[PDB]
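Undergrad: Quick one: the structure is below, and I'll ask about it shortly.
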Amino acid sequence: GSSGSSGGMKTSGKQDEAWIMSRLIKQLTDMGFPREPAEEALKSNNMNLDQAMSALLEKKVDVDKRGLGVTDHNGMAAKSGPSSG
C-alpha cells in the first residue's frame with residue numbers, strides 16, 4: 001500500500017555572479033590550487049578558467065600538467081563507409 005504524496009519545491013535561486021564565482025573555483029580547487037588565488041585571478045581573468053589556471057601555474061613550475069579529471073580524449077565509433085566509384 002502506497003498512496004500519492006506531495007512535498008516542498010523550489011526554483012533557481014537568485015542570479016548573483018557572487019555565488020557563481022564559486023562554480024569556477026570548484027574546478028581550480030579540484031585540480032590542486034587554493035581558493036585564495038583562484039578567487040583573485042578569476043575576477044581578474046574575466047571569470048576565465050584556462051586564463052586563470054595558466055596565471056596560477058605560471059607562478060611556479062611544477063612537474064604535473066594541466067587537465068580536467070579523466071581528461072580522456074573521446075571519439076570512437078564502430079562504423080565503415082566503403083566507396084564504389
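Undergrad: Find how much the distance from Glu58 to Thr29 grows on full extension, using 0.36 nm per residue of separation minus their present alpha carbon separation; answer in nm with one decimal.
TA: On the way: separation 29, 0.36 × 29 = 10.44 nm, distance 1.66 nm.
Extra length available between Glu58 and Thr29 comes to 8.8 nm.
Undergrad: Determine, for each peptide in 56-66, 30-40, 71-81, the mean count of other beta carbons within 10 angstrom over its residues, then list the peptides with the highest first. Present the calculation step by step, with values, prior to reporting the outcome.
TA: Numbers: 56-66: 9.3, 30-40: 14.0, 71-81: 5.2.
So the order, starting with the most tightly packed, is 30-40, 56-66, 71-81.
Undergrad: Choose one of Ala18, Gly85, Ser6: the residue whose Cα lies farthest towards the positive end of the charge dipole of the chain (beta-carbon charges +1 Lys, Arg; -1 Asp, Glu; about the Cα centre).
TA: Projecting each Cα onto the dipole axis, the largest value belongs to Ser6.
Undergrad: With unit charges on the beta carbons (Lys and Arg positive, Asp and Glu negative) and the dipole taken about the Cα centre of the chain, which residue among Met31, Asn46, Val70 sits farthest to the positive side?
TA: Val70
Undergrad: Provide the three semi-axes, in whole Å and in decreasing order, of the ellipsoid equivalent to the stretch 1-62 as defined by the square roots of 5 times the Cα gyration tensor eigenvalues.
TA: Numbers: eigenvalues 283, 43, 11 Å².
Semi-axes (√(5λ), whole Å): 38, 15, 7.
Undergrad: So what's the net charge close to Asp30: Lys and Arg +1, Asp and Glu -1, counting the other residues with Cβ under 14 Å from its Cβ?
TA: Details: positive: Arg23, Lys26, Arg35, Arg66; negative: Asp64.
Combined, the nearby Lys, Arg, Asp and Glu give +3.
Undergrad: Further question on the same structure: Rounded to the nearest 20 debye, what is the charge dipole size of the chain about its Cα centre when +1 sits on each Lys and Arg Cβ and -1 on each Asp and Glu Cβ? If you can, show how the numbers build up before the last one.
TA: Numbers: 11 positive and 11 negative charges, 54 e Å.
For the chain, the charge dipole is close to 260 debye.
The numbers here are math on the coordinates, done by the rules we state, and not lab data. Counting neighbours? That spans all protein chains shown, and the Cβs are built from the backbone with ideal geometry, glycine included.
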